[PDB]
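I have placed the structure first, in the form of structure tokens, so that the comments after it can refer back to it.
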Amino acid sequence: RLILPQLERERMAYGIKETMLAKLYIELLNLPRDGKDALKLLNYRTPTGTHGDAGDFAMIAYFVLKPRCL
DNA sequence: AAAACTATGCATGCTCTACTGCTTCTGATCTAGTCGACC
């Protein structure tokens, strides 16, 4: 059910996608609302960062969490 | 006729109880946006 999440039917809809997940990450990690990391997570498609990937939200979150995680 | 004791009025401070104005918290409303799933 984790290798093929698209075929899951027992679990209901999470109700969270890229935007809500970004907001929740900003809230829980206590990141600044107007800081660079929050703006990168919210507007994760704008390539203004010029680093990592400009379309992948998972990679951006990974880069953000790298210095803050065990 | 002179001196001592007492009554009543008034000043004085402190303490306590209503009324007006400023600041903050909550509720209610509207507007904008996100997500599930279909096609």
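Position in the first sequence counted from 1, then plus 68, gives you the UniProt record's numbering.
Every residue gets a Cβ at the ideal spot worked out from N, C-alpha and C, and that includes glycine.
What did DSSP end up calling residue 93 once you bin it into helix, strand or coil?
-> Position 25 of the first sequence, counted from the first residue, corresponds to residue 93. Looking at residue 93 - three-state DSSP - the assignment turns out to be helix.
Since residue 81 is in the alpha helix (DSSP H), which residue starts that stretch and which ends it?
-> Residue mapping note: residue 81 aligns to position 13 of the first sequence, counting from 1. Judged by DSSP secondary structure, residue 81 falls outside any alpha helix (DSSP H); it is assigned neither H nor E.
Decide if the region 81-95 is in contact with the region 105-112; the criterion is three or more beta carbon pairs, one per stretch, under 8 Å apart.
-> By the Cβ test, the region 81-95 is in contact with the region 105-112, since at least three Cβ pairs between them sit closer than 8 Å.
In its own chain, which residues sit with a C-beta less than 8 Å from the C-beta of residue 114, not counting the 5 before and 5 after it?
-> For this step, residue 114 is matched to residue 46 along the first sequence. If we look at residue 114 and ignore the five residues flanking it on each side, its Cβ neighbours are 122.
Chain-order list of residues whose beta-carbon lies under 8 Å from that of residue 136 (same chain, five-residue window excluded) = Residue mapping note: residue 136 aligns to position 68 of the first sequence, counting from 1. Answer for residue 136: 97, listed in chain order.
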